[PDB]
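We begin with a single chain expressed as structure tokens, specifically the form deposited in one PDB entry.
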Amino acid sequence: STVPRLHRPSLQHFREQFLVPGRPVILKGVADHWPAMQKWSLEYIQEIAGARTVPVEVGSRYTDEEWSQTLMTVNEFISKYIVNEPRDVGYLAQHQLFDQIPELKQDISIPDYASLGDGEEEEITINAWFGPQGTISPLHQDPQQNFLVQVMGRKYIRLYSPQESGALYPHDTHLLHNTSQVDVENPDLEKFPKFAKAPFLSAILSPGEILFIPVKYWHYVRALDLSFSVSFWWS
């Protein structure tokens, strides 16, 4: 089934109907006027920080377990993995562009819906990153509440509740813990028969929209276009 969409709901409505019971929802009209929506482009990023060095994870396939960390400039990442056709797959490690490019911080705002949490102020972790069309983030479980905001490009997202964990064949990976062994969009049901019967929610997230991913929900993502995302994590 699909993720419900709400237009600028009251803080109390979001808290009681979605945050407390742990139900996913897409909030509209909340981030659509961030300056980032009208400013961020590859050109803008390169004008500010193209010469700055960022950590990049490189691997053979988005769904493989072989990943090594490297260091390259923003310009080099864009040239090798976005402008030209790469020989492998790469993504920005840790998704923390705000460390190397603090100038971007002024172009966003923390959604007020995140201060409904028991941890506020410096306890909100904020990540920003961009990546080429086709970037896949394998199905994995999140230890904190999450807002995912699309600035550029569309993303396909699939969500499973923690109640379905057993059907997702979890294991720990060198990169992160609580990852599914299943290829969400082309599952091998001979090896993973329970996956077929797990219900899920899915949506295509577009620029300006915020997806609320409740704590311990499982989520899978694929970038359908060149993508720029911002995520907020809190307890």
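Superpose the two forms; the largest set of C-alphas matching within 1.5 Å is the rigid core. When you see a residue number, it is the position in the sequence shown, counting from 1.
Keep in mind that the form deposited in another entry is not shown, yet the notes after this line are about it.
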Considering only 39, 61, 194, 191, single out the residue whose C-alpha is displaced by at least 2 Å between this form and the one not shown after superposing the rigid core.
61
Residue 105: after superposing the rigid core, is there a C-alpha shift of 2 Å or more between this form and the one not shown?
no
With both forms fitted on the core, give yes or no for whether the Cα of residue 86 moves by 2 angstroms or more between this form and the one not shown.
yes
Taking the rigid core as the reference frame, tell me whether residue 204 has a CA displacement of 2 angstroms or more between this form and the one not shown.
no
Residue 60 to residue 139, Cα distance in that other deposited form relative to here: closer or farther, by 3 Å or more?
closer
Between residue 65 and residue 140, does the Cα distance in that other deposited form come out closer or farther than in this form, changing by 3 Å or more?
farther
